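Colleague: Input file: input.txt. Contents: compact mmCIF, N, CA and C atoms and all ligand atoms.
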# COMPACT_ATOMS: atom_id res chain seq x y z
N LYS A 1 119.13 229.63 67.40
CA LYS A 1 120.28 228.75 66.98
C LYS A 1 119.82 227.82 65.86
N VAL A 2 120.61 227.69 64.79
CA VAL A 2 120.39 226.70 63.70
C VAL A 2 121.32 225.50 63.98
N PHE A 3 120.77 224.31 64.27
CA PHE A 3 121.54 223.11 64.70
C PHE A 3 122.07 222.40 63.45
N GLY A 4 123.26 221.80 63.55
CA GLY A 4 123.72 220.72 62.66
C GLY A 4 122.98 219.44 63.00
N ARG A 5 122.90 218.53 62.03
CA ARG A 5 122.21 217.22 62.11
C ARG A 5 122.78 216.39 63.28
N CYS A 6 124.10 216.10 63.27
CA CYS A 6 124.79 215.31 64.34
C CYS A 6 124.66 216.02 65.69
N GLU A 7 124.86 217.34 65.71
CA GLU A 7 124.73 218.16 66.94
C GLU A 7 123.32 217.99 67.55
N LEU A 8 122.26 218.13 66.75
CA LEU A 8 120.86 218.00 67.27
C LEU A 8 120.63 216.56 67.76
N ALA A 9 121.15 215.54 67.05
CA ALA A 9 120.92 214.11 67.43
C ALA A 9 121.55 213.86 68.81
N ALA A 10 122.75 214.38 69.05
CA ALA A 10 123.49 214.14 70.31
C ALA A 10 122.76 214.82 71.47
N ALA A 11 122.20 216.02 71.26
CA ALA A 11 121.38 216.77 72.26
C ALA A 11 120.03 216.08 72.53
N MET A 12 119.33 215.61 71.50
CA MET A 12 118.04 214.88 71.71
C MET A 12 118.31 213.55 72.44
N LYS A 13 119.39 212.85 72.08
CA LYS A 13 119.79 211.57 72.74
C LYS A 13 120.13 211.81 74.21
N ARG A 14 120.83 212.91 74.52
CA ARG A 14 121.21 213.25 75.92
C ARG A 14 119.96 213.58 76.76
N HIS A 15 118.92 214.17 76.17
CA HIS A 15 117.65 214.51 76.89
C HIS A 15 116.65 213.34 76.83
N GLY A 16 117.08 212.13 76.47
CA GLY A 16 116.29 210.89 76.61
C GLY A 16 115.28 210.63 75.49
N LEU A 17 115.36 211.30 74.34
CA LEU A 17 114.32 211.22 73.28
C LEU A 17 114.46 209.91 72.48
N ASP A 18 115.66 209.31 72.44
CA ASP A 18 115.99 208.10 71.64
C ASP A 18 115.16 206.89 72.14
N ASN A 19 114.27 206.36 71.28
CA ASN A 19 113.28 205.28 71.57
C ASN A 19 112.19 205.71 72.56
N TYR A 20 111.94 207.00 72.74
CA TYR A 20 110.87 207.50 73.65
C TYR A 20 109.50 207.13 73.05
N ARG A 21 108.73 206.30 73.78
CA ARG A 21 107.44 205.70 73.35
C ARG A 21 107.61 204.84 72.09
N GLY A 22 108.80 204.26 71.86
CA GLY A 22 109.11 203.33 70.74
C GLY A 22 109.54 204.06 69.47
N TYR A 23 109.70 205.39 69.51
CA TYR A 23 110.13 206.20 68.32
C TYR A 23 111.65 206.36 68.33
N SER A 24 112.35 205.69 67.41
CA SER A 24 113.83 205.77 67.26
C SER A 24 114.26 207.23 67.07
N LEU A 25 115.54 207.53 67.33
CA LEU A 25 116.16 208.89 67.27
C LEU A 25 115.99 209.50 65.88
N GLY A 26 116.08 208.70 64.80
CA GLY A 26 115.89 209.15 63.40
C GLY A 26 114.54 209.84 63.13
N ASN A 27 113.44 209.35 63.72
CA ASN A 27 112.08 209.96 63.63
C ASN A 27 112.10 211.41 64.14
N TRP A 28 112.78 211.69 65.25
CA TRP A 28 112.84 213.02 65.92
C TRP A 28 113.68 214.02 65.10
N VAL A 29 114.86 213.62 64.61
CA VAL A 29 115.71 214.50 63.76
C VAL A 29 114.96 214.81 62.46
N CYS A 30 114.37 213.79 61.84
CA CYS A 30 113.56 213.94 60.62
C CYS A 30 112.45 214.99 60.83
N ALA A 31 111.63 214.83 61.88
CA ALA A 31 110.54 215.78 62.26
C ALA A 31 111.09 217.22 62.38
N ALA A 32 112.16 217.43 63.15
CA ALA A 32 112.80 218.76 63.37
C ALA A 32 113.22 219.39 62.03
N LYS A 33 113.87 218.63 61.15
CA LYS A 33 114.27 219.13 59.80
C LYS A 33 113.07 219.73 59.05
N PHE A 34 111.97 219.00 58.92
CA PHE A 34 110.82 219.43 58.08
C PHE A 34 109.90 220.40 58.86
N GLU A 35 109.87 220.39 60.20
CA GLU A 35 109.06 221.38 60.99
C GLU A 35 109.73 222.78 61.00
N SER A 36 111.06 222.87 61.21
CA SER A 36 111.76 224.14 61.56
C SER A 36 113.02 224.39 60.72
N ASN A 37 113.46 223.41 59.92
CA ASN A 37 114.81 223.41 59.31
C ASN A 37 115.89 223.53 60.41
N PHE A 38 115.70 222.88 61.57
CA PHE A 38 116.70 222.79 62.68
C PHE A 38 116.92 224.17 63.37
N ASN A 39 115.99 225.11 63.21
CA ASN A 39 116.10 226.51 63.72
C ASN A 39 115.20 226.65 64.96
N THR A 40 115.77 226.87 66.15
CA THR A 40 115.01 227.00 67.42
C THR A 40 114.05 228.20 67.37
N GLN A 41 114.39 229.21 66.56
CA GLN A 41 113.67 230.52 66.55
C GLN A 41 112.50 230.52 65.55
N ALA A 42 112.16 229.40 64.91
CA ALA A 42 111.08 229.39 63.88
C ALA A 42 109.71 229.64 64.52
N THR A 43 108.85 230.43 63.86
CA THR A 43 107.43 230.63 64.25
C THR A 43 106.54 230.58 63.00
N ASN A 44 105.34 230.00 63.12
CA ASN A 44 104.33 229.95 62.03
C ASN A 44 102.93 230.18 62.62
N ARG A 45 102.24 231.19 62.09
CA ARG A 45 100.86 231.56 62.50
C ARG A 45 99.91 230.56 61.84
N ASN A 46 98.96 229.99 62.60
CA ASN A 46 97.87 229.13 62.05
C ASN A 46 96.63 230.00 61.80
N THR A 47 95.72 229.56 60.94
CA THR A 47 94.50 230.33 60.55
C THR A 47 93.53 230.51 61.73
N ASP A 48 93.56 229.66 62.77
CA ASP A 48 92.64 229.80 63.94
C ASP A 48 93.19 230.83 64.94
N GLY A 49 94.36 231.44 64.69
CA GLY A 49 94.92 232.49 65.56
C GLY A 49 96.00 231.97 66.49
N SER A 50 96.10 230.64 66.69
CA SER A 50 97.21 229.97 67.43
C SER A 50 98.53 230.11 66.64
N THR A 51 99.68 229.88 67.30
CA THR A 51 101.05 229.96 66.70
C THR A 51 101.86 228.72 67.09
N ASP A 52 102.68 228.23 66.14
CA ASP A 52 103.65 227.12 66.33
C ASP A 52 105.04 227.70 66.65
N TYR A 53 105.75 227.09 67.60
CA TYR A 53 106.98 227.64 68.23
C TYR A 53 108.11 226.61 68.27
N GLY A 54 109.30 227.04 67.86
CA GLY A 54 110.58 226.35 68.10
C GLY A 54 110.85 225.19 67.16
N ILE A 55 111.81 224.34 67.52
CA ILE A 55 112.41 223.33 66.60
C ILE A 55 111.36 222.25 66.23
N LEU A 56 110.39 221.98 67.11
CA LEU A 56 109.30 220.99 66.84
C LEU A 56 107.93 221.69 66.75
N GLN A 57 107.93 223.02 66.59
CA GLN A 57 106.73 223.78 66.15
C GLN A 57 105.54 223.42 67.06
N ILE A 58 105.71 223.58 68.38
CA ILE A 58 104.69 223.24 69.42
C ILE A 58 103.64 224.36 69.47
N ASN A 59 102.77 224.64 70.12
CA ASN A 59 101.20 224.81 69.22
C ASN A 59 100.72 225.50 70.52
N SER A 60 100.49 226.82 70.48
CA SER A 60 99.97 227.66 71.60
C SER A 60 98.50 227.32 71.92
N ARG A 61 97.79 226.62 71.05
CA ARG A 61 96.37 226.27 71.32
C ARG A 61 96.27 225.46 72.62
N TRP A 62 97.17 224.47 72.81
CA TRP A 62 97.09 223.45 73.90
C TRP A 62 98.29 223.54 74.86
N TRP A 63 99.49 223.86 74.37
CA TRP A 63 100.75 223.42 75.03
C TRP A 63 101.52 224.54 75.73
N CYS A 64 101.40 225.80 75.30
CA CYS A 64 102.11 226.91 75.97
C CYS A 64 101.35 228.24 75.85
N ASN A 65 101.77 229.24 76.64
CA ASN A 65 101.08 230.55 76.76
C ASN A 65 101.85 231.65 76.00
N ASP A 66 101.23 232.27 74.99
CA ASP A 66 101.80 233.43 74.24
C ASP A 66 100.98 234.71 74.48
N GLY A 67 99.92 234.63 75.30
CA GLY A 67 99.10 235.78 75.75
C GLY A 67 98.22 236.33 74.65
N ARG A 68 98.03 235.60 73.55
CA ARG A 68 97.24 236.08 72.39
C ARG A 68 96.49 234.95 71.70
N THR A 69 96.25 233.82 72.38
CA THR A 69 95.47 232.66 71.85
C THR A 69 94.30 232.43 72.81
N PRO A 70 93.16 233.14 72.61
CA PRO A 70 92.10 233.20 73.63
C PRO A 70 91.45 231.84 73.92
N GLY A 71 91.24 231.56 75.21
CA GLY A 71 90.60 230.32 75.71
C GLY A 71 91.40 229.08 75.34
N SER A 72 92.73 229.20 75.30
CA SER A 72 93.69 228.11 75.02
C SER A 72 94.19 227.51 76.33
N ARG A 73 94.83 226.34 76.27
CA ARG A 73 95.39 225.69 77.49
C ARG A 73 96.91 225.94 77.49
N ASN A 74 97.54 225.72 78.64
CA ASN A 74 99.02 225.75 78.79
C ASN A 74 99.45 224.45 79.49
N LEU A 75 99.35 223.30 78.83
CA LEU A 75 99.58 221.97 79.46
C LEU A 75 101.07 221.68 79.69
N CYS A 76 102.02 222.38 79.05
CA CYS A 76 103.46 222.27 79.41
C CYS A 76 103.84 223.24 80.53
N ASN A 77 102.92 224.10 80.99
CA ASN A 77 103.13 225.21 81.98
C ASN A 77 104.40 226.03 81.65
N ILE A 78 104.51 226.59 80.43
CA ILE A 78 105.67 227.44 80.01
C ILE A 78 105.17 228.59 79.15
N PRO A 79 105.87 229.74 79.16
CA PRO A 79 105.71 230.75 78.11
C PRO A 79 106.23 230.16 76.78
N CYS A 80 105.56 230.42 75.65
CA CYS A 80 105.96 229.93 74.29
C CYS A 80 107.39 230.37 73.95
N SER A 81 107.74 231.59 74.36
CA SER A 81 109.08 232.18 74.19
C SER A 81 110.17 231.23 74.72
N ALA A 82 109.89 230.38 75.73
CA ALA A 82 110.90 229.44 76.28
C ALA A 82 111.27 228.38 75.23
N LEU A 83 110.34 228.06 74.33
CA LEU A 83 110.52 227.07 73.23
C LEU A 83 111.40 227.62 72.09
N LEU A 84 111.91 228.86 72.17
CA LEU A 84 112.73 229.45 71.08
C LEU A 84 114.22 229.47 71.46
N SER A 85 114.55 228.98 72.66
CA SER A 85 115.89 229.13 73.27
C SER A 85 116.90 228.28 72.49
N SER A 86 118.19 228.60 72.59
CA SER A 86 119.29 227.75 72.04
C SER A 86 119.36 226.43 72.82
N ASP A 87 118.87 226.41 74.05
CA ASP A 87 118.73 225.20 74.91
C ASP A 87 117.37 224.52 74.65
N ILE A 88 117.38 223.29 74.13
CA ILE A 88 116.17 222.55 73.62
C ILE A 88 115.45 221.81 74.76
N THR A 89 115.89 221.99 76.03
CA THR A 89 115.35 221.25 77.21
C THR A 89 113.82 221.41 77.24
N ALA A 90 113.32 222.65 77.27
CA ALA A 90 111.87 222.96 77.33
C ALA A 90 111.14 222.27 76.17
N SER A 91 111.64 222.40 74.93
CA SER A 91 111.05 221.78 73.71
C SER A 91 110.92 220.25 73.88
N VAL A 92 111.98 219.59 74.34
CA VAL A 92 112.04 218.12 74.55
C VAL A 92 111.03 217.66 75.62
N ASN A 93 110.98 218.32 76.78
CA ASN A 93 110.08 217.92 77.91
C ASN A 93 108.63 218.07 77.46
N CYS A 94 108.34 219.18 76.79
CA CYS A 94 107.03 219.50 76.20
C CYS A 94 106.63 218.44 75.14
N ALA A 95 107.55 218.05 74.25
CA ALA A 95 107.30 217.02 73.22
C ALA A 95 107.02 215.64 73.87
N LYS A 96 107.67 215.32 74.99
CA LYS A 96 107.43 214.05 75.72
C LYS A 96 105.95 213.92 76.11
N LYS A 97 105.32 215.01 76.57
CA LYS A 97 103.89 215.01 76.96
C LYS A 97 103.00 214.91 75.71
N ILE A 98 103.34 215.60 74.62
CA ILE A 98 102.52 215.57 73.37
C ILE A 98 102.46 214.14 72.80
N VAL A 99 103.62 213.49 72.60
CA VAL A 99 103.76 212.16 71.91
C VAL A 99 103.18 211.06 72.81
N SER A 100 103.05 211.34 74.12
CA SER A 100 102.43 210.44 75.12
C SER A 100 100.88 210.53 75.15
N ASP A 101 100.23 211.42 74.38
CA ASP A 101 98.82 211.88 74.63
C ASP A 101 97.76 211.05 73.87
N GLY A 102 98.18 210.09 73.04
CA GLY A 102 97.28 209.12 72.39
C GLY A 102 97.52 208.98 70.89
N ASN A 103 97.87 210.07 70.20
CA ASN A 103 98.10 210.10 68.72
C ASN A 103 99.60 209.93 68.35
N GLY A 104 100.50 209.78 69.33
CA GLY A 104 101.94 209.58 69.07
C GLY A 104 102.51 210.70 68.20
N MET A 105 103.32 210.38 67.19
CA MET A 105 104.08 211.42 66.43
C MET A 105 103.26 211.98 65.26
N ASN A 106 102.04 211.45 65.03
CA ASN A 106 101.01 211.94 64.06
C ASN A 106 100.61 213.38 64.40
N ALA A 107 100.86 213.85 65.63
CA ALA A 107 100.62 215.25 66.07
C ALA A 107 101.45 216.20 65.21
N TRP A 108 102.56 215.71 64.64
CA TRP A 108 103.49 216.49 63.77
C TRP A 108 103.17 216.16 62.31
N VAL A 109 102.49 217.08 61.62
CA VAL A 109 101.97 216.88 60.23
C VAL A 109 103.11 216.55 59.25
N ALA A 110 104.28 217.19 59.41
CA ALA A 110 105.46 217.01 58.53
C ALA A 110 106.12 215.64 58.77
N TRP A 111 106.14 215.14 60.01
CA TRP A 111 106.57 213.75 60.35
C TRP A 111 105.66 212.75 59.61
N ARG A 112 104.34 212.94 59.68
CA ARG A 112 103.34 212.02 59.09
C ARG A 112 103.51 211.93 57.55
N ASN A 113 103.74 213.06 56.87
CA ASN A 113 103.74 213.19 55.39
C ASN A 113 105.15 212.97 54.79
N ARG A 114 106.23 213.17 55.57
CA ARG A 114 107.62 213.15 55.02
C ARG A 114 108.59 212.18 55.72
N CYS A 115 108.26 211.59 56.89
CA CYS A 115 109.16 210.69 57.67
C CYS A 115 108.55 209.30 57.89
N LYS A 116 107.29 209.24 58.32
CA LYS A 116 106.55 207.97 58.54
C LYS A 116 106.71 207.07 57.31
N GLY A 117 107.15 205.83 57.50
CA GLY A 117 107.25 204.82 56.43
C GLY A 117 108.53 204.92 55.61
N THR A 118 109.44 205.86 55.93
CA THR A 118 110.74 206.05 55.22
C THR A 118 111.88 205.43 56.03
N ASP A 119 113.07 205.37 55.42
CA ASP A 119 114.35 205.02 56.08
C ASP A 119 114.74 206.17 57.02
N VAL A 120 114.21 206.21 58.24
CA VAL A 120 114.47 207.36 59.19
C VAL A 120 115.90 207.29 59.76
N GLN A 121 116.49 206.09 59.88
CA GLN A 121 117.89 205.88 60.37
C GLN A 121 118.90 206.67 59.51
N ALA A 122 118.59 206.88 58.24
CA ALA A 122 119.43 207.72 57.34
C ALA A 122 119.76 209.07 58.02
N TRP A 123 118.87 209.63 58.88
CA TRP A 123 118.98 210.99 59.50
C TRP A 123 120.06 211.05 60.59
N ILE A 124 120.46 209.93 61.20
CA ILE A 124 121.59 209.90 62.19
C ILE A 124 122.81 209.16 61.61
N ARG A 125 122.77 208.81 60.31
CA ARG A 125 123.83 208.00 59.64
C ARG A 125 125.10 208.85 59.61
N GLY A 126 126.23 208.29 60.06
CA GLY A 126 127.55 208.95 60.06
C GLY A 126 127.89 209.66 61.37
N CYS A 127 126.90 209.93 62.24
CA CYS A 127 127.08 210.59 63.56
C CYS A 127 127.73 209.63 64.54
N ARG A 128 128.58 210.15 65.43
CA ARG A 128 129.22 209.32 66.47
C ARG A 128 128.17 208.93 67.51
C1 LIG B 1 127.35 217.57 53.34
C2 LIG B 1 127.29 218.30 52.01
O1 LIG B 1 126.22 217.76 51.23
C3 LIG B 1 127.11 219.81 52.17
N1 LIG B 1 126.40 220.42 51.03
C4 LIG B 1 127.07 220.30 49.73
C5 LIG B 1 126.14 220.43 48.49
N2 LIG B 1 125.16 219.34 48.33
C6 LIG B 1 125.79 218.15 47.76
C7 LIG B 1 125.13 216.85 48.13
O2 LIG B 1 124.62 216.89 49.32
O3 LIG B 1 125.09 215.87 47.41
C8 LIG B 1 124.05 219.72 47.46
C9 LIG B 1 123.08 220.67 48.07
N3 LIG B 1 122.33 220.18 49.23
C10 LIG B 1 121.36 219.13 48.90
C11 LIG B 1 121.06 218.09 49.96
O4 LIG B 1 121.84 218.07 51.02
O5 LIG B 1 120.13 217.32 49.81
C12 LIG B 1 121.71 221.31 49.93
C13 LIG B 1 122.72 222.09 50.82
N4 LIG B 1 123.43 221.23 51.78
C14 LIG B 1 122.53 220.83 52.86
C15 LIG B 1 123.05 219.72 53.74
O6 LIG B 1 123.94 218.89 53.22
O7 LIG B 1 122.62 219.62 54.86
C16 LIG B 1 124.68 221.86 52.28
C17 LIG B 1 125.90 221.78 51.31
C1 LIG B 2 122.14 215.08 47.87
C2 LIG B 2 122.19 214.27 49.15
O1 LIG B 2 122.10 215.15 50.27
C3 LIG B 2 121.14 213.18 49.03
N1 LIG B 2 120.22 212.99 50.16
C4 LIG B 2 120.21 211.57 50.56
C5 LIG B 2 121.37 211.25 51.43
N2 LIG B 2 121.55 212.25 52.47
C6 LIG B 2 122.74 213.02 52.23
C7 LIG B 2 123.35 213.66 53.45
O2 LIG B 2 122.75 214.76 53.91
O3 LIG B 2 124.32 213.12 53.97
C8 LIG B 2 121.60 211.57 53.78
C9 LIG B 2 120.22 211.43 54.50
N3 LIG B 2 119.53 212.72 54.69
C10 LIG B 2 120.04 213.49 55.82
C11 LIG B 2 119.85 214.99 55.86
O4 LIG B 2 120.08 215.58 54.73
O5 LIG B 2 119.53 215.60 56.87
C12 LIG B 2 118.06 212.65 54.58
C13 LIG B 2 117.49 212.47 53.14
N4 LIG B 2 117.76 213.56 52.17
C14 LIG B 2 116.88 214.73 52.36
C15 LIG B 2 117.31 216.14 51.99
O6 LIG B 2 118.52 216.32 51.46
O7 LIG B 2 116.54 217.07 52.17
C16 LIG B 2 117.72 213.04 50.79
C17 LIG B 2 118.87 213.51 49.87
CL CL B 3 116.76 205.88 63.71
CL CL B 4 96.48 233.34 75.24
CL CL B 5 102.58 205.38 69.08
GD GD B 6 120.30 214.37 52.66
NA NA B 7 98.02 228.55 75.23
In structure tokens, what does this structure look like?

Modeller:
Amino acid sequence: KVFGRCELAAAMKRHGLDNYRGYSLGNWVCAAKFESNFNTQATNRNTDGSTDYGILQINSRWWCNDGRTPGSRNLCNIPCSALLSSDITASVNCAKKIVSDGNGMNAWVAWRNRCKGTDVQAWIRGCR
């Protein structure tokens, strides 16, 4: 599924992401835009053999099982394929554990380089 901006904000807000660990809703929509272009089905292969999955490009090295990332962890206890669903529940619960782990939203390279220090509220501007 490719989400609209307002549609994704209302779904992330309903799953409790708004101000989660002090990160306003604008930071999360911004991250999703530059990680996946709002597409749940996005995948990107990393040079170490791990793969990034879904709207927030979560990372088979540590967070989920794709059966092809040797000696990796599954700390969200999910198949990576669950992170590609039109339902973002798995992606959101998994992101709650990542952003809680010590480095906050710096875990998302595109958030750090394209959202951090900007007018992030612009990303939910006009939404009900
Ligand atoms: C809401 C309208 O803006 C829709 N829109 C009309 C055309 N826009 C005009 C403009 O945005 O000023 C220019 C192109 N636009 C650049 C950009 O958005 O930054 C990329 C495509 N957009 C992406 C989007 O808007 O989400 C969809 C089409
Ligand atoms: C040409 C306009 O589209 C100018 N636009 C500024 C104003 N936009 C317009 C809008 O989308 O309504 C509102 C804020 N916008 C939200 C979003 O696009 O998702 C993020 C910033 N954008 C990033 C981008 O377009 O890639 C900068 C370019
Ligand atoms: Cl915001
Ligand atoms: Cl594996
Ligand atoms: Cl933090
Ligand atoms: Gd824009
Ligand atoms: Na794994």

Colleague: Which residues sit within 5 Å of ligand CL 3 (chain B), counting all atoms listed in the file, listed as an MDAnalysis selection string?

Modeller: chainID A and resid 24:27 120:121

Colleague: Give me, as a list in words, all polymer residues having an atom no more than 9 Å from residue 34 of chain A, counting only C-alpha atoms and skipping those fewer than 3 positions away in the same chain.

Modeller: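 Those residues are residues 29, 30, 31, 37, 38, 110, 111, 114 and 115 of chain A.
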
Colleague: Please identify every polymer residue within 8 Å of ligand NA 7 (chain B), using only N, CA and C atoms and all ligand atoms, and present the set as a list in words.

Modeller: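 Answer in the requested format: residues 50, 59, 60, 61, 62, 63, 64, 65, 66, 67, 68, 69, 70, 71, 72, 73, 74, 75 and 80 of chain A.
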
Colleague: Would you give me, as a tab-separated table, each residue of chain A having an atom within 7 Å of an atom of ligand CL 5 (chain B), along with its shortest atom pair and that distance in Å to one decimal, using all atoms listed in the file and sorting by chain and residue number?

Modeller:
residue	atom	partner	partner_atom	distance
A:21	C	B:CL5	CL	5.9
A:22	N	B:CL5	CL	6.9
A:99	C	B:CL5	CL	6.8
A:102	C	B:CL5	CL	6.5
A:103	C	B:CL5	CL	5.5
A:104	CA	B:CL5	CL	4.2
A:105	N	B:CL5	CL	5.4

Colleague: How would the residues just chosen look if you wrote them out with N, CA and C atoms as a PDB file, in the frame of the given file?

Modeller:
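What follows is the written file out31.pdb:
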ATOM      1  N   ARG A  21     108.730 206.300  73.780  1.00  0.00           N
ATOM      2  CA  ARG A  21     107.440 205.700  73.350  1.00  0.00           C
ATOM      3  C   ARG A  21     107.610 204.840  72.090  1.00  0.00           C
ATOM      4  N   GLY A  22     108.800 204.260  71.860  1.00  0.00           N
ATOM      5  CA  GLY A  22     109.110 203.330  70.740  1.00  0.00           C
ATOM      6  C   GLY A  22     109.540 204.060  69.470  1.00  0.00           C
ATOM      7  N   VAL A  99     103.620 213.490  72.600  1.00  0.00           N
ATOM      8  CA  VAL A  99     103.760 212.160  71.910  1.00  0.00           C
ATOM      9  C   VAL A  99     103.180 211.060  72.810  1.00  0.00           C
ATOM     10  N   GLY A 102      98.180 210.090  73.040  1.00  0.00           N
ATOM     11  CA  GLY A 102      97.280 209.120  72.390  1.00  0.00           C
ATOM     12  C   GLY A 102      97.520 208.980  70.890  1.00  0.00           C
ATOM     13  N   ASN A 103      97.870 210.070  70.200  1.00  0.00           N
ATOM     14  CA  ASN A 103      98.100 210.100  68.720  1.00  0.00           C
ATOM     15  C   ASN A 103      99.600 209.930  68.350  1.00  0.00           C
ATOM     16  N   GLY A 104     100.500 209.780  69.330  1.00  0.00           N
ATOM     17  CA  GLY A 104     101.940 209.580  69.070  1.00  0.00           C
ATOM     18  C   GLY A 104     102.510 210.700  68.200  1.00  0.00           C
ATOM     19  N   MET A 105     103.320 210.380  67.190  1.00  0.00           N
ATOM     20  CA  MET A 105     104.080 211.420  66.430  1.00  0.00           C
ATOM     21  C   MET A 105     103.260 211.980  65.260  1.00  0.00           C
TER      22      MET A 105
END

Colleague: Quick one: pick out all helix (DSSP H, G or I) residues within segment 1-127 of chain A from a backbone DSSP run and write them as JSON, numbers by chain.

Modeller: {"A": [5, 6, 7, 8, 9, 10, 11, 12, 13, 14, 25, 26, 27, 28, 29, 30, 31, 32, 33, 34, 35, 36, 80, 81, 82, 83, 84, 89, 90, 91, 92, 93, 94, 95, 96, 97, 98, 99, 104, 105, 106, 107, 109, 110, 111, 112, 113, 114, 120, 121, 122, 123, 124]}

Colleague: Box along x, y and z, 6 Å on every side, all listed atoms of segment 40-55 of chain A inside: centre and edge lengths in Å to one decimal, as JSON.

Modeller:
{"center_x": 104.2, "center_y": 227.4, "center_z": 64.4, "size_x": 35.1, "size_y": 22.2, "size_z": 19.7}

Colleague: Run DSSP on the backbone and give me the residues of chain A it puts in strand (DSSP E or B), as a ChimeraX atom specification.

Modeller: /A:2,20,23,39,43-45,51-53,58-59,65,79

Colleague: Quick one: residues within 7 Å of ligand LIG 2 (chain B), with only C-alpha atoms and all ligand atoms, as a PyMOL selection string?

Modeller: chain A and resi 5+33+122-123

Colleague: Provide the atom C16 of ligand LIG 1 (chain B) to atom CA of residue 113 of chain A distance in Å, to one decimal place.

Modeller: 22.9 Å

Colleague: Compile the contact shell of segment 81-90 of chain A as an MDAnalysis selection string: residues with an atom at most 6.5 Å away, counting all atoms listed in the file, same-chain residues fewer than 6 positions apart removed.

Modeller: chainID A and resid 1 40:42 53:55 65:66

Colleague: Using Å and a single decimal, report how far atom CA of residue 7 of chain A sits from atom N1 of ligand LIG 1 (chain B).

Modeller: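 Computed distance, atom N1 of ligand LIG 1 (chain B) to atom CA of residue 7 of chain A, equals 16.2 Å.
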
Colleague: A:32, A:4, A:39, A:94: which is nearest ligand LIG 1 (chain B), counting all atoms listed in the file?

Modeller: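 Smallest distance to ligand LIG 1 (chain B) is found for A:4.
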
Colleague: One decimal, Å: what's the distance from atom N of residue 51 of chain A over to atom C of residue 112 of chain A, could you say?

Modeller: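 If I compute the distance from atom N of residue 51 of chain A to atom C of residue 112 of chain A, I get 20.8 Å.
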
Colleague: Could you rebuild segment 38-49 of chain A with N, CA, C and O atoms and give it back as an mmCIF file, keeping the file's coordinate frame?

Modeller:
data_model
loop_
_atom_site.group_PDB
_atom_site.id
_atom_site.type_symbol
_atom_site.label_atom_id
_atom_site.label_comp_id
_atom_site.auth_asym_id
_atom_site.auth_seq_id
_atom_site.Cartn_x
_atom_site.Cartn_y
_atom_site.Cartn_z
ATOM 1 N N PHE A 38 115.700 222.880 61.570
ATOM 2 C CA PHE A 38 116.700 222.790 62.680
ATOM 3 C C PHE A 38 116.920 224.170 63.370
ATOM 4 O O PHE A 38 117.954 224.354 64.055
ATOM 5 N N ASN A 39 115.990 225.110 63.210
ATOM 6 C CA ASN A 39 116.100 226.510 63.720
ATOM 7 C C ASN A 39 115.200 226.650 64.960
ATOM 8 O O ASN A 39 113.976 226.498 64.808
ATOM 9 N N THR A 40 115.770 226.870 66.150
ATOM 10 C CA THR A 40 115.010 227.000 67.420
ATOM 11 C C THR A 40 114.050 228.200 67.370
ATOM 12 O O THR A 40 112.993 228.183 68.105
ATOM 13 N N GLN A 41 114.390 229.210 66.560
ATOM 14 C CA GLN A 41 113.670 230.520 66.550
ATOM 15 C C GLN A 41 112.500 230.520 65.550
ATOM 16 O O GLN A 41 111.913 231.620 65.336
ATOM 17 N N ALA A 42 112.160 229.400 64.910
ATOM 18 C CA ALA A 42 111.080 229.390 63.880
ATOM 19 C C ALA A 42 109.710 229.640 64.520
ATOM 20 O O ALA A 42 109.446 229.089 65.646
ATOM 21 N N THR A 43 108.850 230.430 63.860
ATOM 22 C CA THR A 43 107.430 230.630 64.250
ATOM 23 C C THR A 43 106.540 230.580 63.000
ATOM 24 O O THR A 43 106.976 231.060 61.914
ATOM 25 N N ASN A 44 105.340 230.000 63.120
ATOM 26 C CA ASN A 44 104.330 229.950 62.030
ATOM 27 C C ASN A 44 102.930 230.180 62.620
ATOM 28 O O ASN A 44 102.551 229.420 63.572
ATOM 29 N N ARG A 45 102.240 231.190 62.090
ATOM 30 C CA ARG A 45 100.860 231.560 62.500
ATOM 31 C C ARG A 45 99.910 230.560 61.840
ATOM 32 O O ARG A 45 100.080 230.318 60.612
ATOM 33 N N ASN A 46 98.960 229.990 62.600
ATOM 34 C CA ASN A 46 97.870 229.130 62.050
ATOM 35 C C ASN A 46 96.630 230.000 61.800
ATOM 36 O O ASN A 46 96.517 231.078 62.452
ATOM 37 N N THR A 47 95.720 229.560 60.940
ATOM 38 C CA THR A 47 94.500 230.330 60.550
ATOM 39 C C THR A 47 93.530 230.510 61.730
ATOM 40 O O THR A 47 92.764 231.486 61.678
ATOM 41 N N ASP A 48 93.560 229.660 62.770
ATOM 42 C CA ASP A 48 92.640 229.800 63.940
ATOM 43 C C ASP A 48 93.190 230.830 64.940
ATOM 44 O O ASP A 48 92.529 231.030 65.961
ATOM 45 N N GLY A 49 94.360 231.440 64.690
ATOM 46 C CA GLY A 49 94.920 232.490 65.560
ATOM 47 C C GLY A 49 96.000 231.970 66.490
ATOM 48 O O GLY A 49 96.737 232.822 67.026
#
